[PDB]
Amino acid sequence: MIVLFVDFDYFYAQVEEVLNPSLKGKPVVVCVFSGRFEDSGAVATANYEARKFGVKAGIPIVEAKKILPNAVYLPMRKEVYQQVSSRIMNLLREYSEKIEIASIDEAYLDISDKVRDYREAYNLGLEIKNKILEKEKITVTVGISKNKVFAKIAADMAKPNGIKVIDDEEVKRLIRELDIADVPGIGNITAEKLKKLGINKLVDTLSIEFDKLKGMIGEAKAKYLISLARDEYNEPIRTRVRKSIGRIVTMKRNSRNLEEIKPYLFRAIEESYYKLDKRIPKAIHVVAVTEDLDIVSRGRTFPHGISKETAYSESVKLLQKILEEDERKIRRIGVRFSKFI
DNA sequence: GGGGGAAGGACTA
DNA sequence: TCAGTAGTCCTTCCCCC
Ligand SMILES: Nc1ccn([C@H]2C[C@H](O)[C@@H](COP(=O)(O)OP(=O)(O)OP(=O)(O)O)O2)c(=O)n1
Ligand SMILES: [Ca+2]
Ligand SMILES: [Ca+2]
C-alpha cells in the first residue's frame with residue numbers, strides 16, 4: 001500500500017492570512033475567548049512567527065500576551081475554516097476515491113492504484129500541493145509511506161510547507177530510532193508508562209513480555225505498537241462518518257445552582273441542534289467540566305430520535321443526576337448527541 | 001467466557 | 001486571573017446469555 005497524507009499548515013491562522021493578506025509576516029494568534037474575564041480562554045493555534053516564541057495551541061491567552069503583547073489576536077471563526085477545509089477536501093477527492101478525512105485539516109489518500117512507486121507518489125504529492133496553492137492559496141505538508149501511521153510521521157517531520165517520503169528502509173530505521181513518544185496515539189501518560197518499562201523505541205516492544213506491556217498500557221495500544229514494530233501495521237483508508245455532535249460552554253462563574261446552569265445548557269442544546277442539521281440522534285449526553293477541571297457525564301439512549309423538546313427536558317434530568325451524584329461546582333456545561341438514525 | 005452498554009479516561013485537537 | 005473549544009476510541013465495571 002502507498003499512503004499519501006495531507007496536513008494543512010497552521011490552518012486556522014493561515015486561513016485568516018488568506019482572508020487578510022496584510023497579516024502575512026506578522027505573528028498571528030487565533031483564540032477561544034471564554035467570556036469569564038478580559039482575555040480569559042485559550043489559544044487554538046498560532047502561525048509560525050508567533051510559535052517561534054512559544055505561543056502555541058493550548059496555552060492561556062493571557063500567557064500568550066505576556067510573551068507577545070503586540071501580536072495580532074483573532075477570535076476563532078471555526079465555520080469559516082470549516083468551509084475552506086471542505087473545499088480543499090473536495091480537491092483531494094480528485095486524486096483518489098479512497099480518502100479518509102481525519103480532522104478539519106487532514107486527510108489520508110490511498111494512492112496504491114494511482115502510482116507505481118514512491119518516485120511517482122512524491123510527484124503526485126507536489127501536484128497536490130500546487131493544486132491547493134493554485135485554487136485556495138493554502139500551503140500544506142505531504143507525508144508519504146507504506147501505512148497511515150508512517151505517512152503521518154513523514155508529514156510531522158517535514159512541516160511546514162513540506163513533502164517527505166519514508167521508504168521501507170527508513171521505516172526500519174525509524175522502528176529502531178524514532179522516539180516512541182512521537183508515534184501517533186502515544187500521549188504523555190502512555191509515554192511515561194513506557195519510559196517506566198525501559199521502552200523508548202518501537203523495536204523495544206518486541207522483547208518485553210506481552211502481558212507486561214498489556215498490563216501497563218492496555219491490550220489495544222500494546223497490539224498497536226507491536227504491529228508497528230513488526231512492520232505489520234495494516235489499517236485501510238476508510239471514509240469517516242461523524243458519530244457525535246455537541247457543544248460545551250464556559251459559565252460566567254462556577255455553580256451547582258440548577259436555574260443558574262440551565263441557560264448555558266439550553267444555549268448548548270440550541271447550537272448543537274443547529275449543527276445536527278437533518279441528523280436525528282437517539283442518544284444525548286450532558287457533559288460537565290468541574291471546578292478542578294474534571295469531566296463528568298450522564299446520558300440516555302432512546303429507542304427513537306430525540307426532538308428538541310425531548311432534548312430540553314431530558315438534559316435537565318441528566319444535569320440533576322450529575323448534581324445529585326457529584327458535589328463539585330461546575331465550570332463548563334454542555335451536551336453531546338449521538339447514535340444517529 | 002465474552003457480547004454489549006454506561007461512564008471514565010487518554011489522545012488529538 | 002492558567003486552564004478553550006470538538007470528537008474518537010479504548011478501558012473498566014456491570015448486566016445478561
Ligand atoms: N489544541 C488545539 C490544537 C489544534 N486546534 C485546531 C487549530 C489548528 O489550526 C487546527 C489543526 O491542528 P494542527 O495540530 O495541525 O495544527 P496547525 O495546522 O495549526 O499547525 P501545524 O500543522 O503547522 O503544525 O486544529 C485547536 O483548536 N486546539
Ligand atoms: Ca493536523
Ligand atoms: Ca496542520
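First the proteins, then the strands, lettered A, B, ... as listed; each starts at 1.
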List in chain and number order the residues that pass salt bridge (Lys or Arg N to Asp or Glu O under 4.0 Å) with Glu169(A), two or more places apart in sequence or in another chain; answer none if no residue qualifies.
->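 Salt bridge (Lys or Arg N to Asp or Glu O under 4.0 Å) check on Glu169(A) returns nothing, list empty.
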Salt bridge (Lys or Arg N to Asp or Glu O under 4.0 Å) involving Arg36(A) - partner list, sequence neighbours excluded =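 Counting only residues at least two positions away or on another chain, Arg36(A) forms no salt bridge (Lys or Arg N to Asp or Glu O under 4.0 Å).
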In whole angstrom, what separates [X]'s [atom1] from [N]'s [atom2]?
X	N	atom1	atom2	result
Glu192(A)	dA10(B)	CD	P	13 Å
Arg247(A)	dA6(C)	CZ	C1'	10 Å
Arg253(A)	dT1(C)	CZ	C1'	17 Å
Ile248(A)	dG4(C)	CD1	P	9 Å
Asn254(A)	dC2(C)	CG	P	14 Å
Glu38(A)	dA3(C)	CD	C1'	17 Å
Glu106(A)	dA13(B)	CD	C1'	9 Å
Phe11(A)	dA6(C)	CZ	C1'	15 Å

Please tell me if the side chains of [X] and [Y] come closer than 4.5 Å, counting only heavy atoms from C-beta onward.
X	Y	result
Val32(A)	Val43(A)	no
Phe150(A)	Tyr233(A)	no
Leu178(A)	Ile153(A)	yes

Checking all strands, does [X] fall into the base, sugar-phosphate, or nothing category for heavy-atom contacts under 4.0 angstrom?
X	answer
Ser40(A)	sugar-phosphate
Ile186(A)	sugar-phosphate
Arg36(A)	nothing
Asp294(A)	nothing
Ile245(A)	sugar-phosphate
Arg242(A)	sugar-phosphate
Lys152(A)	sugar-phosphate

Mind running side-chain hydrogen bond (donor to acceptor under 3.5 Å, both in side chains) on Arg332(A) and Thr250(A) for me, showing each step along the way?
-> CA-CA 4 Å; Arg332(A) 311 182 65 217; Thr250(A) 293; 3.1 Å; yes
Given DNA chain C, 5'-ward residue of the pair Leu293(A) and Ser244(A), judged by closest heavy atom =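 Going by which nucleotide is closer to the 5' end, it is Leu293(A).
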Enumerate the protein-to-nucleotides 4-8 of chain B contacts in which both atoms are nitrogen or oxygen and the separation is below 3.5 Å.
unit_1, atom_1, unit_2, atom_2, d
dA6(B), OP2, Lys339(A), NZ, 2.8
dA7(B), OP2, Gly299(A), N, 2.8
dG8(B), OP1, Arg298(A), NH1, 3.3
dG8(B), OP2, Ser297(A), N, 3.0
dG8(B), OP2, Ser297(A), O, 3.4

For DNA chain C, determine which residues of residues 209-220 of chain A have any heavy atom closer than 4.0 angstrom to one of its atoms, and list them numerically.
->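 Within residues 209-220 of chain A, the residues near DNA chain C are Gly218(A), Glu219(A), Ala220(A).
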Qualifying salt bridge (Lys or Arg N to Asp or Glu O under 4.0 Å) pairs with a residue from residues 130-145 of chain A, counting only residues at least two apart or across chains =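 Applying salt bridge (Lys or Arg N to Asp or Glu O under 4.0 Å) to every pair that reaches into residues 130-145 of chain A, excluding sequence neighbours, yields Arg87(A)-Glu136(A).
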Output every pair passing salt bridge (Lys or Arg N to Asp or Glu O under 4.0 Å) with a member in residues 142-151 of chain A, not counting sequence neighbours, ordered by first then second residue.
->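 Matches after skipping sequence neighbours: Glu100(A)-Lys148(A), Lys146(A)-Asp231(A).
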Residue [X], side-chain heavy atoms: nucleotide from [options] that is nearest:
X	options	result
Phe37(A)	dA10(B), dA6(C), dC2(C)	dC2(C)
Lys78(A)	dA6(C), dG7(C), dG4(C)	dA6(C)
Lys221(A)	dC2(C), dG7(C), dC11(B)	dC11(B)

Ion pair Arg328(A)/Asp292(A), N-O distance below 4.0 Å =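 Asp292(A) and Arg328(A): salt-bridged.
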Strictly by modelled atom types, are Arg336(A) and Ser272(A) linked by a side-chain donor-acceptor pair under 3.5 Å?
->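 No, no side-chain donor-acceptor contact under 3.5 Å.
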Does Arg240(A) have a side-chain nitrogen or oxygen under 4.0 Å from the phosphate oxygens OP1 or OP2 of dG7(C)?
->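 No, because none of the side-chain N or O atoms of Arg240(A) sits under 4.0 Å from OP1 or OP2 of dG7(C).
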